[PDB]
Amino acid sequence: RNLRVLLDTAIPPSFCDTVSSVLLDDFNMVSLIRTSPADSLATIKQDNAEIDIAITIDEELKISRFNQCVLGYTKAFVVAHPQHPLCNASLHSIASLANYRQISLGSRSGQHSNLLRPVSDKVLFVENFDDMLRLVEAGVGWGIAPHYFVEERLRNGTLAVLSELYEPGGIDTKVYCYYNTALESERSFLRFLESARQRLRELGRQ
(Lines of atoms letter the chains of each structure in order from A and count residues from 1; the text may use other names and numbers.)
(Lines give C-alpha, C1' and ligand atoms only; values in the text may rest on other atoms or scores of the structure.)
Protein backbone atom coordinates (compact mmCIF):
# COMPACT_ATOMS: atom_id res chain seq x y z
CA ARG A 1 0.00 0.00 0.00
CA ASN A 2 2.95 2.33 -0.75
CA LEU A 3 1.45 3.57 -3.99
CA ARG A 4 2.63 5.11 -7.25
CA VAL A 5 -0.25 6.36 -9.39
CA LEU A 6 -0.36 7.80 -12.92
CA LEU A 7 -2.87 10.14 -14.55
CA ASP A 8 -2.83 11.59 -18.05
CA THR A 9 -3.35 15.19 -19.13
CA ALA A 10 -6.84 14.45 -20.52
CA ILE A 11 -8.02 13.63 -16.97
CA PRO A 12 -9.84 16.78 -15.76
CA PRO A 13 -8.20 18.24 -12.63
CA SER A 14 -11.44 17.66 -10.74
CA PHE A 15 -11.10 14.00 -11.82
CA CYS A 16 -7.51 13.58 -10.59
CA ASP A 17 -8.32 15.32 -7.28
CA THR A 18 -11.43 13.18 -6.84
CA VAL A 19 -9.16 10.17 -7.26
CA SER A 20 -6.35 11.45 -4.98
CA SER A 21 -8.63 12.16 -2.04
CA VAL A 22 -10.02 8.62 -2.18
CA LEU A 23 -6.59 7.04 -2.63
CA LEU A 24 -5.26 8.78 0.48
CA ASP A 25 -8.45 7.78 2.34
CA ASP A 26 -7.76 4.08 1.67
CA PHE A 27 -3.96 3.91 1.10
CA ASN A 28 -1.84 6.11 3.37
CA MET A 29 1.10 6.66 0.97
CA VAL A 30 0.18 8.02 -2.47
CA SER A 31 2.65 9.43 -5.02
CA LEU A 32 1.12 11.03 -8.13
CA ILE A 33 2.65 11.10 -11.63
CA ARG A 34 1.36 12.91 -14.72
CA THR A 35 1.93 12.11 -18.39
CA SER A 36 0.30 12.81 -21.75
CA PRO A 37 -1.75 9.73 -22.75
CA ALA A 38 0.58 8.81 -25.63
CA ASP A 39 3.39 8.04 -23.16
CA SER A 40 1.02 6.76 -20.45
CA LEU A 41 0.81 3.05 -21.26
CA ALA A 42 4.51 2.94 -22.14
CA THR A 43 5.49 4.40 -18.76
CA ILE A 44 3.69 1.78 -16.69
CA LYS A 45 5.13 -0.94 -18.93
CA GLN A 46 8.73 0.08 -18.19
CA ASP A 47 9.18 -1.89 -14.96
CA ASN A 48 11.85 0.60 -13.81
CA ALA A 49 9.01 3.01 -12.87
CA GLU A 50 7.01 0.86 -10.40
CA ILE A 51 3.58 2.32 -11.20
CA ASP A 52 0.93 0.40 -9.27
CA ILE A 53 -2.19 2.23 -10.53
CA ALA A 54 -2.64 4.21 -13.75
CA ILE A 55 -5.68 6.23 -14.87
CA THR A 56 -5.57 6.97 -18.60
CA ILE A 57 -7.61 6.76 -21.80
CA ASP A 58 -5.24 4.72 -24.02
CA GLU A 59 -6.08 1.01 -24.01
CA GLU A 60 -4.13 -2.18 -24.70
CA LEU A 61 -5.69 -5.44 -23.50
CA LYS A 62 -2.32 -7.23 -23.76
CA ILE A 63 -0.84 -5.23 -20.89
CA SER A 64 1.37 -7.59 -18.89
CA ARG A 65 1.24 -7.67 -15.08
CA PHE A 66 -1.76 -5.29 -15.05
CA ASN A 67 -5.54 -5.79 -14.99
CA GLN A 68 -8.22 -3.42 -16.18
CA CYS A 69 -11.44 -1.67 -15.25
CA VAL A 70 -13.37 1.45 -16.27
CA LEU A 71 -13.42 4.31 -13.74
CA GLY A 72 -15.66 6.73 -15.66
CA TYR A 73 -15.60 9.00 -18.68
CA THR A 74 -14.15 12.29 -19.94
CA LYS A 75 -14.91 14.47 -22.96
CA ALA A 76 -12.78 15.76 -25.84
CA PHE A 77 -13.22 18.14 -28.75
CA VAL A 78 -11.91 18.56 -32.26
CA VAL A 79 -10.83 22.21 -32.03
CA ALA A 80 -9.42 24.55 -34.67
CA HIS A 81 -8.86 28.24 -35.30
CA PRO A 82 -12.11 30.17 -35.93
CA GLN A 83 -11.03 31.21 -39.46
CA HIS A 84 -9.74 27.73 -40.42
CA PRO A 85 -11.14 26.44 -43.74
CA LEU A 86 -13.16 23.63 -42.15
CA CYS A 87 -14.62 25.95 -39.52
CA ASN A 88 -16.31 27.93 -42.29
CA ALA A 89 -17.70 24.76 -43.89
CA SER A 90 -20.52 23.55 -41.67
CA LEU A 91 -20.46 19.89 -42.80
CA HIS A 92 -17.45 18.32 -41.09
CA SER A 93 -16.70 14.63 -41.57
CA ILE A 94 -13.96 12.13 -40.78
CA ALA A 95 -12.83 12.34 -44.42
CA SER A 96 -13.09 16.15 -44.59
CA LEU A 97 -10.39 16.50 -41.92
CA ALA A 98 -8.02 13.97 -43.53
CA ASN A 99 -7.06 16.68 -46.04
CA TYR A 100 -6.15 19.45 -43.56
CA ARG A 101 -3.23 19.11 -41.18
CA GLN A 102 -3.61 17.63 -37.70
CA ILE A 103 -1.61 18.79 -34.70
CA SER A 104 -1.42 15.58 -32.70
CA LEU A 105 0.05 14.33 -29.42
CA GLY A 106 2.80 11.75 -29.06
CA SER A 107 5.85 10.87 -31.10
CA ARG A 108 6.35 9.06 -34.40
CA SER A 109 8.81 7.12 -32.20
CA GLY A 110 6.18 4.85 -30.71
CA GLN A 111 3.37 2.37 -31.36
CA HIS A 112 0.52 4.76 -32.11
CA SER A 113 -2.51 3.14 -30.50
CA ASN A 114 -5.75 3.53 -32.44
CA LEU A 115 -6.90 6.00 -29.79
CA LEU A 116 -3.99 8.44 -30.24
CA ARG A 117 -3.23 7.46 -33.84
CA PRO A 118 -3.30 10.37 -36.31
CA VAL A 119 -6.38 10.18 -38.53
CA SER A 120 -4.95 12.42 -41.30
CA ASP A 121 -1.95 11.98 -43.57
CA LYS A 122 -0.59 15.53 -43.03
CA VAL A 123 0.42 15.77 -39.37
CA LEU A 124 2.67 17.56 -36.90
CA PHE A 125 3.46 15.91 -33.58
CA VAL A 126 3.67 17.86 -30.32
CA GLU A 127 4.57 16.65 -26.84
CA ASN A 128 1.93 18.36 -24.67
CA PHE A 129 -1.46 20.01 -25.12
CA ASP A 130 -0.20 23.55 -24.53
CA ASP A 131 1.97 23.30 -27.66
CA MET A 132 -0.94 21.69 -29.51
CA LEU A 133 -3.23 24.60 -28.67
CA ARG A 134 -0.53 27.18 -29.42
CA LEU A 135 -0.20 25.82 -32.95
CA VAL A 136 -3.96 25.39 -33.45
CA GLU A 137 -4.55 28.94 -32.20
CA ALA A 138 -2.12 30.08 -34.91
CA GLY A 139 -4.00 28.27 -37.70
CA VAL A 140 -1.25 25.66 -38.16
CA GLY A 141 -3.82 22.87 -38.05
CA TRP A 142 -6.62 21.22 -36.08
CA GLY A 143 -6.45 18.96 -33.05
CA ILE A 144 -8.26 16.79 -30.52
CA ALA A 145 -8.03 18.25 -27.01
CA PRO A 146 -9.67 17.57 -23.63
CA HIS A 147 -12.54 19.63 -22.28
CA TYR A 148 -10.80 21.35 -19.38
CA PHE A 149 -7.96 22.54 -21.61
CA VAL A 150 -10.01 24.34 -24.26
CA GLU A 151 -13.48 25.10 -22.78
CA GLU A 152 -12.58 28.68 -21.83
CA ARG A 153 -10.88 29.43 -25.17
CA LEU A 154 -14.06 28.40 -26.93
CA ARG A 155 -16.60 30.25 -24.77
CA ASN A 156 -14.20 33.13 -25.54
CA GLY A 157 -14.14 32.67 -29.34
CA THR A 158 -10.39 32.03 -29.30
CA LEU A 159 -11.03 28.51 -30.67
CA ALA A 160 -13.90 26.54 -32.29
CA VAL A 161 -15.40 23.01 -32.39
CA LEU A 162 -15.79 20.71 -35.39
CA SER A 163 -17.07 17.78 -33.30
CA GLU A 164 -20.61 19.05 -32.78
CA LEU A 165 -21.97 16.69 -35.45
CA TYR A 166 -20.05 13.48 -34.61
CA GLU A 167 -20.71 13.56 -30.85
CA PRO A 168 -22.62 16.69 -29.84
CA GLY A 169 -21.37 17.65 -26.39
CA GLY A 170 -17.88 16.21 -26.74
CA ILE A 171 -16.37 12.85 -27.66
CA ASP A 172 -17.08 10.69 -24.64
CA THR A 173 -13.91 8.70 -24.13
CA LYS A 174 -13.67 6.09 -21.41
CA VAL A 175 -11.17 6.61 -18.59
CA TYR A 176 -9.43 3.36 -17.67
CA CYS A 177 -7.92 2.22 -14.37
CA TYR A 178 -5.02 -0.25 -14.53
CA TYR A 179 -4.52 -2.12 -11.29
CA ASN A 180 -1.37 -4.15 -10.74
CA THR A 181 -2.54 -7.75 -10.53
CA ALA A 182 -1.35 -7.94 -6.92
CA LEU A 183 -3.65 -5.12 -5.81
CA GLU A 184 -6.77 -7.09 -6.78
CA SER A 185 -6.70 -8.79 -3.37
CA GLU A 186 -6.27 -5.71 -1.13
CA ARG A 187 -9.62 -4.53 0.23
CA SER A 188 -8.19 -1.00 0.08
CA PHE A 189 -8.03 -0.95 -3.73
CA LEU A 190 -11.59 -2.27 -4.10
CA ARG A 191 -12.97 0.30 -1.64
CA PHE A 192 -11.09 2.97 -3.62
CA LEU A 193 -12.71 1.82 -6.85
CA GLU A 194 -16.18 1.94 -5.30
CA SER A 195 -15.94 5.34 -3.58
CA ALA A 196 -14.07 6.96 -6.43
CA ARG A 197 -16.50 5.73 -9.10
CA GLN A 198 -19.49 7.03 -7.14
CA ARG A 199 -17.89 10.44 -6.63
CA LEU A 200 -16.90 10.68 -10.30
CA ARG A 201 -20.46 9.89 -11.41
CA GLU A 202 -21.83 12.53 -9.05
CA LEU A 203 -19.44 15.16 -10.38
CA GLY A 204 -20.02 14.14 -14.00
CA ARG A 205 -23.76 14.72 -14.12
CA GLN A 206 -23.36 18.22 -12.64
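Sequential numbering from 1, following the sequence displayed.
Mind pulling up the entry and telling me whether 42-50 or 156-164 has the higher mean Cα temperature factor?
-> The stretch with the larger mean CA B-factor is 42-50.
Comparing 25-33 with 58-66, which has the greater mean CA B-factor as deposited?
-> Comparing 25-33 with 58-66, the higher mean C-alpha B-factor belongs to 58-66.
In terms of CA temperature factor as recorded, identify the highest of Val78, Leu71, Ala95, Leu124.
-> Result of the comparison over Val78, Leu71, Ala95, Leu124: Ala95.
Once the chain's modelled residues are ordered by C-alpha B factor and cut into thirds, is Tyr148 in the lowest, middle or highest one?
-> For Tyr148, the deposited C-alpha B-factor lands in the lowest third.
Relative to the other modelled residues of the same chain, rank the CA B-factor of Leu105 and answer lowest, middle or highest third.
-> Lowest third, going by the recorded CA B-factors of the chain.
Sort the modelled residues of this chain by their C-alpha B factor and say whether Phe15 lands in the lowest, middle or highest third.
-> Tercile = lowest for this residue's CA B-factor.
Consider only the C-alpha atoms of the modelled residues in this chain, order them by B-factor as the entry records it, and name the third containing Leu3: lowest, middle or highest.
-> It belongs to the highest third of the chain when residues are ordered by C-alpha B-factor.
What third of its chain's C-alpha B-factors does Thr9 belong to: lowest, middle or highest?
-> Its C-alpha B-factor, which the entry lists for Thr9, ranks in the lowest third among residues of this chain.
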